[PDB]
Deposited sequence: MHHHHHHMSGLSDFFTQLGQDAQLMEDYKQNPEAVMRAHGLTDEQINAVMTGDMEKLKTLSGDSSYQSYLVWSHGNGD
């Protein structure tokens, strides 16, 4: 549910511009729970996931 939405939102500029205008509305419409929405609005990436180095000096 959550993953599907994010995937689409990243690819689809229409939906992105729809999301920018009204994030809660768009999210509610895509089935996101309050906790999921709250985490989005508070930037808690940590929670969202719940619900790197490839080199050196020499």
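Do you know which deposited regions have no coordinates at all?
Seq positions lacking coordinates: 1-9, 61-67, 75-78.
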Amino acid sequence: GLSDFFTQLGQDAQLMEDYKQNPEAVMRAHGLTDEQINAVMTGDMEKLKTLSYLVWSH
From here on, numbers count along this sequence of modelled residues.
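Which has higher Cα B-factors on average according to the PDB entry: 39-47 or 21-29?
Comparing 21-29 with 39-47, the higher mean C-alpha B-factor belongs to 39-47.
Averaging C-alpha B-factors over each stretch, which comes out higher, 30-38 or 6-14?
Looking at the record's C-alpha B-factors, the answer is 30-38.
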